[PDB]
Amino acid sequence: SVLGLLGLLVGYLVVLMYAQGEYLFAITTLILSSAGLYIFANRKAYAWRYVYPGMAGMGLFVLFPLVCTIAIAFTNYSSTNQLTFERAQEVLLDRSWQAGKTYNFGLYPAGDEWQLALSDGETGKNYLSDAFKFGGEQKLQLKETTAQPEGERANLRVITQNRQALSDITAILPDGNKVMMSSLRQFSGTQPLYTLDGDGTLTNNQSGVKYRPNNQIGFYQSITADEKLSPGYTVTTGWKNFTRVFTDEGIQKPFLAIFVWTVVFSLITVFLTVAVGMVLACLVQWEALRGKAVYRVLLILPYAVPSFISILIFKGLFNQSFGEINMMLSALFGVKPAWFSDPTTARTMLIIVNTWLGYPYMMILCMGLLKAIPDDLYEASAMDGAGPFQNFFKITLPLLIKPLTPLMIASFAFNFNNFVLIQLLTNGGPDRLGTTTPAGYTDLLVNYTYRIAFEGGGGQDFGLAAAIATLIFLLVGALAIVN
């Protein structure tokens, strides 16, 4: 039925993976596909039909980029050393140098055919081609002439439309060297900077130097019969990145310092977000209250406003010397707290904000979870003479934590990797001094690792960041294999 048709793309795209190299993405496309066919075919595997399409997503877009990101740690992948070797040479050969002069060209139609002309500014003499036809790489020979070509010169728009075939025409003077298109009005003698023969040895065509791929550093370099070509290609470096993490002083010092802040930050968050969320959920669905329906939609508005924009509008409000918060905060009290300069005050801010962000989620959660409690428990409570505070602590609370745990342990891990908040609000907050790598006082483990990788000026080692990332995960994977 449809087995054969979708089994046609099995091999159609699969063998196209084997071809053109791509052995990285060749095995996984066939292996993860041959399971879907095997499962959806026979009926002895009816259970996996409901679990395949799900885990497929996990595999490709979650599990893969992780496994891959780990192999990144075993290499010097960096801003300097980024592309693969085959692209690095492809880039290096794509460049060129000017070895001749500049000639102003013109396009003059000759019937259905066209005609090119150049003009030498040094000698005054002009050169003209024979009636040719656009399409494909072709060489043209220019003959010297004194007369004008018949036909009105083609305007930019027309030459722009034929730029394609015009770039492949490699015209040449009788005496002068080869010359191709350089603009919409000019031809010039442009030639490839490097050439590549049998062996992977690149040779310069201007200074006449020879370069060889140094897989010790992942660059092209020269040796005496030293220079370093700096497009750069990625190459394997065993455990070099890992060993630096266990070695370096400037990396380790703040690493365990923020490990504290991260675990604390997400703890206080979870503790405050529940506290508020829950208390409200109680108050709002409390029978004797009036405008529940209004109160409800109001206390949810923060959640209906996209995080990033709320963080941003806050980022401004929390300005130290200006910004509306400290304006009013120096009106009543006589203080203007430094929410961006003082490590702690910054840390205090994060939490004031994050709490504003997270409470609705916990409240909504508690609201729904609160109805799992049969009314008659509170009726039996009110019989024994129980006040609001007595209810909350003896019935409500201890009856909500059980179903709440899995969700708050999950909320711990979310806030453990809350990248968006930090980068946006503070981006690490106040600076940590004496670090061989970029590190703030409010950076999270995700932030710190992101800093090392992408933040310009101060080392951009994707390999080192991949290492630390791998180091953390397997430790938290060990944490979750014991907790």
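Quick note: we count residues from 1 along the sequence shown, nothing fancier.
According to the entry, the deposited sequence places 4 to 9 unmodelled residues between residue 225 and residue 226. Stretch comparison (184-192 versus 199-207) by mean CA B-factor in the PDB entry places 199-207 on top. Between 174-182 and 356-364, it is 174-182 that carries the larger average Cα temperature factor according to the deposited entry. As recorded in the entry, 144 carries the highest CA temperature factor of 144, 342, 379, 120. Which of 410, 158, 116, 251 has the largest Cα B-factor in the deposited entry comes down to 251.
Looking at the C-alpha B-factors along this chain, the one for residue 402 belongs to the lowest third. The PDB entry assigns residue 283 a C-alpha temperature factor belonging to the lowest third of its chain's modelled residues. In this PDB entry, residue 440 carries a Cα temperature factor that places it within the middle third of its chain's modelled residues. When the modelled residues of the chain are ordered by C-alpha B-factor, residue 265 sits in the lowest third. Among all modelled residues in this chain, the alpha-carbon of residue 219 has a temperature factor (C-alpha) in the highest third.
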